[PDB]
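Accompanying notes for the structure given below.
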Amino acid sequence: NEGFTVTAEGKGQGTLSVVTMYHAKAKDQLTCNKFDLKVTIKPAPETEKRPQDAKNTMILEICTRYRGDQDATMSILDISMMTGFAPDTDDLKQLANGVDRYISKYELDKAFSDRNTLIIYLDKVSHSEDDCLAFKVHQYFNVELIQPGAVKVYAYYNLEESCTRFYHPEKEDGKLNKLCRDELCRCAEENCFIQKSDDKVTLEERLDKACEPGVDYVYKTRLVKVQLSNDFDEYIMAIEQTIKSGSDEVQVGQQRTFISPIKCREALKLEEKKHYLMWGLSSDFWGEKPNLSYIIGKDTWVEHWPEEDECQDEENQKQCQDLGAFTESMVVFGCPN
Amino acid sequence: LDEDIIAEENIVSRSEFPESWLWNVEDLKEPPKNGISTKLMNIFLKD
Amino acid sequence: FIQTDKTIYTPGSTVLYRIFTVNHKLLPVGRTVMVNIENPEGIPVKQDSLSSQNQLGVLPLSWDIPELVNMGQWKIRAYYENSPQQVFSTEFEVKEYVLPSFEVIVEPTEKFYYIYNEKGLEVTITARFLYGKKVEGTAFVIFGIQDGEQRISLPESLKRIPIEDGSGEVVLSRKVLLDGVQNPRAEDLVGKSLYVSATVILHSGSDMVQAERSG
Amino acid sequence: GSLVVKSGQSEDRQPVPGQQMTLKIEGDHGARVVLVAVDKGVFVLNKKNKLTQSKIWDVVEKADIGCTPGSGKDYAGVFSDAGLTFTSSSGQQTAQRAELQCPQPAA
Amino acid sequence: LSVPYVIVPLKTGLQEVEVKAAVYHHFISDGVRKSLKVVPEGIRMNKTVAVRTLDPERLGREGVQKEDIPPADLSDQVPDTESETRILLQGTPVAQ
Amino acid sequence: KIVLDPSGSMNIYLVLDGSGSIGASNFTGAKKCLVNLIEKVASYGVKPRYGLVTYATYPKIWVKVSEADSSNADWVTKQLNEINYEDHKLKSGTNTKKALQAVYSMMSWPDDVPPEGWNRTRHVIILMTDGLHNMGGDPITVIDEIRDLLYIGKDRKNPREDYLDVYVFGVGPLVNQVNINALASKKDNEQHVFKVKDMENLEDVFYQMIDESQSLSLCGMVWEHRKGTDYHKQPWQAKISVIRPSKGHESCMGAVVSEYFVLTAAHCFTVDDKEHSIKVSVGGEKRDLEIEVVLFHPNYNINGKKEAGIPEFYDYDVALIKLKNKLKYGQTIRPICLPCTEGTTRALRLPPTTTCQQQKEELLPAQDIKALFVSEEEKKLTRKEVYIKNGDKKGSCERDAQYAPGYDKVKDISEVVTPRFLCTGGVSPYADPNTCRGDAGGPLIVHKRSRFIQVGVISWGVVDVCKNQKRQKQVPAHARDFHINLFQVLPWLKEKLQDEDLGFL
Ligand SMILES: *[C@@H]1O[C@H](CO)[C@@H](O[C@@H]2O[C@H](CO)[C@@H](O)[C@H](O)[C@H]2NC(C)=O)[C@H](O)[C@H]1NC(C)=O
Ligand SMILES: *[C@@H]1O[C@H](CO)[C@@H](O[C@@H]2O[C@H](CO)[C@@H](O)[C@H](O)[C@H]2NC(C)=O)[C@H](O)[C@H]1NC(C)=O
Ligand SMILES: *[C@@H]1O[C@H](CO)[C@@H](O[C@@H]2O[C@H](CO)[C@@H](O)[C@H](O)[C@H]2NC(C)=O)[C@H](O)[C@H]1NC(C)=O
Ligand SMILES: [Mg+2]
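Residue numbers (the authors' numbering), protein chains in the order written: chain A, 1305 to 1641; chain B, 729 to 775; chain C, 109 to 323; chain D, 539 to 645; chain E, 872 to 967; chain F, 235 to 739.
Here you go:
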């Protein structure tokens, strides 16, 4: 894109035309165009547990409405279960034979053995209010941290105009936990931290774990100030010394920004003015200089280092002892690895 | 691993997926038997 | 004569094309050829000029499609230098697509329709994967009437049939036709044409092909 | 001429992705061959503009200068309909024709 | 049998996705590594900048006509995205 | 792949990990691999600029590429041999980023002006580590700076990707593939990652990385990799068959010496054998080649002493066969080096001012000389090690020729056994195998500095333990084999091959 000068000389006549083609940001674009899709997952109440069926049971309800001027014709429902969940067979037989509703026999007679993706055909969906249906789901695989499920809707003449919803019992709406700093977004689907319980507090073992490539840097820090935001907040930490030289230089020791997701404030809130011992990996810091920010994640480890006057309690005496031995140990002897 | 399944690391992925290939040129210079040249070209398949 | 590696391309991909230059006796001739590539509305975007002498009547050329492009029909047009009014052309399409895994053929029992046939038009569906295996799925098929450039759609001729053993069957009855049209005269329908549009989706829900029989 | 493309191997089990195979090309001696291998799925998306030998002869038939399947209204019309000019010392000669196209095709 | 997955792209460009599978009790395995385009939000636009008539004899006077074309402002442009300038000229036949 | 160009200018950086994650036995295999590699590189005749650095917590520089001593293979081998695992055992860290920074500094020019030939120069980096960089920052970013310094990826017209090649050796019992795969260069169908098991079968390892671009036609260069067949190990071996009525079928061996010429014995053939009835098949091809002319030595005469009363006289048992078409050298088709040539001078790693007399003394000292010949057993080539009796037992080796049937009544032993004969065989100092009659005409091979020089041609043996396809029973103690010395007919070969461009001194 540049400006230029046109110069024409001589007898005759002509026409000048200039067109620019570029990528323009979408203005009020409707991703779920012509579709209002709502999906809700809930556990089964006490009526299900009454005959002592004794198993993991949840109810999935789906509702949708067309936005067009008239009712939309035949459409298709693509449903993906959470991993290890199979829909209740008896619920689908009841829904299948209903009017404006059909499920293929080849899909129907599959049952629990392989029914993970489900295809439901509707001859039409009303445009004035929501049309709904529901069925039970049961876990039969017994695995934790299940994959979120999804339901996609589209019509036989156009897959382009479509809509997709996700569901997960703990992620509320089944959306991904991405972290965004204005225009720059990066994923944050992790545990908040490793090892803050410490029932058996070691020192020799921790030195061996500090000598592994997964630990890129070990910092002694002091929290200066916390700055709030919407779904995150940043923690202004002062770097005191680099116990292990990491991906970045010490730079005398100045403020470096650490950020925690809103779902990690509930797990553990750091307290200001206090010192902290931390270590992580190269994937933790984010952005480009000088706007680098350290994201607290499942590879990050943090523990409070009490101040001098706080060290005098007999149990925090030994903590200030052991946290001081790790200090001198790493710098002078390094690693035999 | 000691069990009866292939380990992940030694599983090598197919990745060559071009739509069109074998954009080559060749001249029929093989010995003409009944005026018809028989050419043999060993070609690499894709994934 | 103009040859291309594919019939339809993606934005941001390379286009390879070869031009065969022959005289009126179809033997290879060595002359200078003027080549032009035009956009959907006929705007030349790229042009070439090369002689086929000592190349045995073959001119291999290439061009890259930018990401900034207007999808639609694109045409390669060529003419000899000593005959600029005699222009040859061949077309290709630009679209954002994904490769299917199976083909859909819609076969009427007769490649015509007799108006007063009581049974109606029978169209056999045939679907198979690209590697030669039978397709299992469900298809949605719709009918319409084509008169010149004017297309009329019959909404109630829509049917939903499963695809079994790599095949299906659908029949457009005479009653649906008489009900589809508002004209009780059968004489006005003679000379017009029908068209069939089929939408097939596997029972895995991971692929979909739209096929058309017309005329 | 005559150009034929077949497999170099006799038959064997269906090929493996990426595997080396032998392609056999039979054709007249001295001819230059150009190759292109495309996935059949692309043609299911778009089968238009595919060139073939029959369509080559179709353009030739559409480029013929003759307008009559033989015979004619008279002796003078025979050559002029075929696409020929005739002239003799005696005086008999072909009908004058100044148009490349054939007048109103039957279609 | 189909196994769905849910993912989120993290960086623009033609990014790569790889999956592997191996069967039990037979040493038969397969892996698929494919790439798809990660496109920033938006869509292609073909807007017109300016159209003017050229006539050096009548316009501009004394056989010369010159005028500038300012660059497009495009305030809705997606950051760090391509932008092409399409220039076309066509003469007017002045022979009756 | 690494290119071998004699006109080249190439820097080779050797980085060896020394952390406690390796182990002593693994560290030794790392050195033994480098010693064989450097030796094989110098055997090809390319002299690169070697840089030798060992690192753990802190890198330790042994050889700098700026030094002229860096081009000395034996001197660098001495520096490498001196390196000990326990040199800095107490600092057994893994700080790979600093080690790459030292290499980056070596190729770095002072100020902003690179010396001429910077892009003309090839750069090769060889790294051995456990893939566990635990101290310091990311090491991969320094690789980009090395890619940066070498102007790689900076031009569409000139990529310069082949001016830098990165090989990584996975050493130690525990190893990380992920970091290793990132460090190594990525090129189409080229291996740059090697594991611990690769320390065995070293020749195959080098076969993947070595590119013989400018050394295809060099003499006496052999591929010893395990997958290689008979002719990968013997490129010069030539099989000659003559089938003619009355004479019948007969086969002898030959050795490639030039583009058109193959060297073999004379008593196998005769002038009456016609050129169309003689078929030659060179190693690596089963197609029988047509010949043009056969050059028997002028002083050859099988019946030289037939009228005197001696049945057969094998003096000057050499012949040159000229092929109708010229050979194209390859990995299985290469000549064997000849004494007093520029190729033999470079093969022995001697200065170009070395004389023909000095090379004769080195090849033939006044002692028992180790040697070997090639023989066929069920159509497969195999090597048999023998001793050339040039020492104190040289007289006993010549005397044992009288026990061959047909020469019992010769009074003077020095009369029949001419100075052309080289004498092998016997049981002292050790048992030397005896040749088959089909093995005649083959070369007599001596190994020096990872190369092979021809010193003789197989003539005849005293006792024919290999009478016909069977070599049964152990050999007599006086069973000797005789070979024609090359120095006696060297002037004639120099006369014939003066236009063949072999660089005779
Ligand atoms: C310019 O933008 C239009 C946006 O629709 C592109 O598509 C054309 O849209 C009009 C609707 O106003 C249709 O009538 C045309 O048929 C569409 N084009 C084609 C090729 O079908 C259009 O392609 C863009 N580019 C140009 C050069 O017009
Ligand atoms: C490289 O080092 C490893 C261990 O450091 C060696 O592994 C040995 O394997 C044998 C197998 O019989 C064991 O009995 C030993 O206890 C192992 N450790 C030793 C010897 O320290 C491995 O053999 C070494 N590689 C080579 C080529 O020597
Ligand atoms: C090293 O640097 C130059 C660039 O500064 C390299 O490019 C060559 O430049 C010369 C003269 O400018 C050209 O004649 C060559 O064709 C260039 N080589 C290419 C384009 O590959 C060149 O490699 C080196 N120059 C030398 C050795 O003089
Ligand atoms: Mg280590």
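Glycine included, C-beta positions come from ideal geometry on N, C-alpha and C.
**Request:** Please indicate yes or no: does the CB of residue 245 of chain F lie closer than 7 Å to some heavy atom of ligand 3?
**Result:** Using a cutoff of 7 Å, the CB of residue 245 of chain F does not count as near ligand 3, since none of the ligand's heavy atoms is closer than that.
**Request:** Could you name the residues of the region 948-965 of chain E whose beta carbon sits closer than 8 Å to any beta carbon of chain A, in the order they occur along the chain?
**Result:** Along the region 948-965 of chain E, the positions whose C-beta sits under 8 Å from a C-beta of chain A are 948, 949, 950, 952, 953, 954, 955, 956, 957, 958, 959, 960, 961, 962, 963, 965, read in chain order.
**Request:** Output the distance between the C-alpha atoms of residue 548 of chain D and residue 240 of chain C, rounded to the nearest integer angstrom.
**Result:** Approximately 20 Å between the Cα atoms of the pair.
**Message:** Please report the straight-line C-alpha distance between residue 133 of chain C and residue 598 of chain D, rounded to a whole angstrom.
**Reply:** Whole-angstrom Cα-Cα distance: 10 Å.
**Request:** Say whether chain E places a C-beta atom closer than 8 Å to the C-beta of residue 690 of chain B.
**Result:** This structure does not reach residue 690 of chain B, given that chain B is present from 729 up to 775, and the question cannot be answered.
**Request:** Identify, in the order they occur along the chain, each residue of the same chain with its Cβ nearer than 8 Å to the Cβ of residue 647 of chain F, setting aside the five sequence neighbours on each side.
**Result:** Counting only residues of its own chain and dropping the five nearest sequence neighbours on each side, residue 647 of chain F has a CB closer than 8 Å to the CB of 632, 633, 635, 636.
**Request:** For my contact list, residue 888 of chain E and residue 908 of chain E are in at a C-beta cut-off of 8 Å; report their separation, rounded to the angstrom.
**Result:** Taking a contact as a CB-CB distance under 8 Å, the pair residue 888 of chain E and residue 908 of chain E does not count as one, their CB atoms being some 12 Å apart.
**Request:** Report yes or no: do the region 687-703 of chain F and the region 496-513 of chain F share at least 3 C-beta pairs separated by less than 8 Å?
**Result:** The region 496-513 of chain F and the region 687-703 of chain F touch, with three or more beta-carbon pairs separated by less than 8 Å.
**Item:** Complete runs of the alpha helix (DSSP H) confined to the region 1380-1462 of chain A [at least 4 residues]
**Value:** 1393-1400, 1409-1412, all fully within the region 1380-1462 of chain A.
**Request:** Compare the C-beta of residue 1633 of chain A against all C-beta atoms of chain F and say whether one is closer than 8 Å.
**Result:** Not flagged as an interface residue toward chain F: residue 1633 of chain A, since no C-beta distance is shorter than 8 Å.
**Reduced DSSP category for residue 688 of chain F - H, G, I as helix; E, B as strand; rest coil** = Three-state DSSP puts residue 688 of chain F in a strand.
**Item:** Any non-hydrogen atom of ligand 1 closer than 7 Å to residue 637 of chain D Cβ
**Value:** Not one heavy atom of ligand 1 falls within 7 Å of the beta-carbon of residue 637 of chain D.
**Asked** What residues of chain E sit near residue 312 of chain C, judged by a beta carbon separation below 9 Å?
**Response** Simply 872, 873.
**Asked** So, residue 470 of chain F versus residue 360 of chain F, is the Cβ gap smaller than 8 Å?
**Response** No, Cβ-Cβ distance for residue 470 of chain F and residue 360 of chain F is not below 8 Å.
**Prompt:** Residues in the region 896-924 of chain E with C-beta within 7 Å of chain C's C-beta atoms, listed in sequence order?
**Reply:** Residues 915, 917.
**Request:** Mind listing which residues have their beta carbon within less than 7 Å of any non-hydrogen atom of ligand 2? Chain order is fine.
**Result:** Of all residues, those with a beta-carbon under 7 Å from at least one heavy atom of ligand 2 are F:257, F:259, F:260, F:263, F:406, F:407, F:430, F:433, reported in chain order.
**Request:** Measure the Cβ-Cβ separation of residue 556 of chain D and residue 207 of chain C and say whether it is below 8 Å.
**Result:** Taking 8 Å as the Cβ cut-off, residue 556 of chain D and residue 207 of chain C do not qualify as a contacting pair.
**Reduced DSSP secondary structure (H/G/I, E/B, other) of residue 284 of chain F** = Strand at residue 284 of chain F.
**Within-8 Å CB hit, residue 1548 of chain A to chain F** = Yes, contact with chain F.
**Request:** Give, in chain order, every unbroken run of the beta strand (DSSP E) that is at least 3 residues long and sits entirely within the region 644-690 of chain F.
**Result:** Taking only runs of at least 3 residues, the beta strand (DSSP E) segments lying wholly in the region 644-690 of chain F are 655-659, 677-682.
**Item:** Contact set between the region 360-383 of chain F and chain A, restricted to residues whose Cβ is under 8 Å from the partner
**Value:** If you check each beta-carbon in the region 360-383 of chain F against every beta-carbon of chain A, the ones closer than 8 Å belong to 366, 367, 368, 369, 370, 371, 372.
**Message:** Between C:214, C:213, C:229, C:212, which has its C-alpha nearest residue 220 of chain C's C-alpha?
**Reply:** Closest by alpha carbon: C:229.
**Asked** What is the chain-ordered set of residues for which the beta carbon lies under 5 Å from any non-hydrogen atom of ligand 1?
**Response** Every residue passing the under-5 Å Cβ criterion appears here: C:148, C:178, C:180, E:917.
**Item:** Distance CB(residue 1387 of chain A)-CB(residue 1451 of chain A) smaller than 8 Å
**Value:** At the C-beta level, residue 1387 of chain A and residue 1451 of chain A come within 8 Å of one another.
**Request:** Note down, in chain order, every chain B residue with its Cβ under 8 Å from the Cβ of residue 203 of chain C.
**Result:** By Cβ distance, chain B contributes nothing, its closest Cβ being about 13 Å from residue 203 of chain C, past 8 Å.
**Prompt:** The beta strand (DSSP E) spanning residue 1328 of chain A covers which residue range?
**Reply:** First-last of the beta strand (DSSP E) with residue 1328 of chain A: 1317-1328.
**Asked** Can you tell me where the alpha helix (DSSP H) with residue 332 of chain F in it begins and where it stops?
**Response** It spans 330-341 - the alpha helix (DSSP H) in which residue 332 of chain F sits, taken as one unbroken run.
**Prompt:** In angstroms, rounded to a whole number, what distance separates the CA positions of residue 503 of chain F and residue 591 of chain F?
**Reply:** When rounded, the distance between both Cα atoms is 33 Å.
**Item:** Interfacial residues, the region 575-594 of chain D to chain C, with Cβ spacing under 9 Å
**Value:** Within the region 575-594 of chain D, the residues whose Cβ lies closer than 9 Å to some Cβ of chain C are 576, 577, 578, 579, 580, 581, 582, 583, 584, 585, 586, 587, 588, 589, 594, listed in chain order.
**Message:** Taking 7 Å as the cut-off, is the C-beta of residue 277 of chain F nearer than that to any heavy atom in ligand 4?
**Reply:** Not so, every heavy atom of ligand 4 lies at least 7 Å from the Cβ.
**Prompt:** Is the CB of residue 635 of chain D under 8 Å away from at least one CB in chain H?
**Reply:** No chain H appears in the structure shown, which is made up of the protein chains A, B, C, D, E and F.
**Asked** Span of the alpha helix (DSSP H) holding residue 593 of chain F?
**Response** Membership of residue 593 of chain F in the alpha helix (DSSP H) is indicated by the continuous run 590-597.
**Message:** Using only CA atoms, which one of A:1380, A:1471, A:1383, A:1536 lies nearest to residue 1600 of chain A?
**Reply:** Residue A:1536 holds the alpha-carbon nearest to the alpha-carbon of residue 1600 of chain A among A:1380, A:1471, A:1383, A:1536.
**Request:** Report all residues from its chain with a CB closer than 7 Å to the CB of residue 436 of chain F; omit the five preceding and five following residues, and keep chain order.
**Result:** Once the five neighbours on either side are set aside, the close Cβ partners of residue 436 of chain F are 267, 270.
**Request:** Could you tell me which of F:487, F:663, F:654 sits nearest to residue 716 of chain F, measuring between CA atoms?
**Result:** Across the set F:487, F:663, F:654, the C-alpha of F:654 shows the shortest separation from the C-alpha of residue 716 of chain F.
**Prompt:** If you draw a straight line from the alpha carbon of residue 755 of chain B to that of residue 139 of chain C, how long is it in whole angstroms?
**Reply:** Distance between the alpha carbons of residue 755 of chain B and residue 139 of chain C is about 21 Å.
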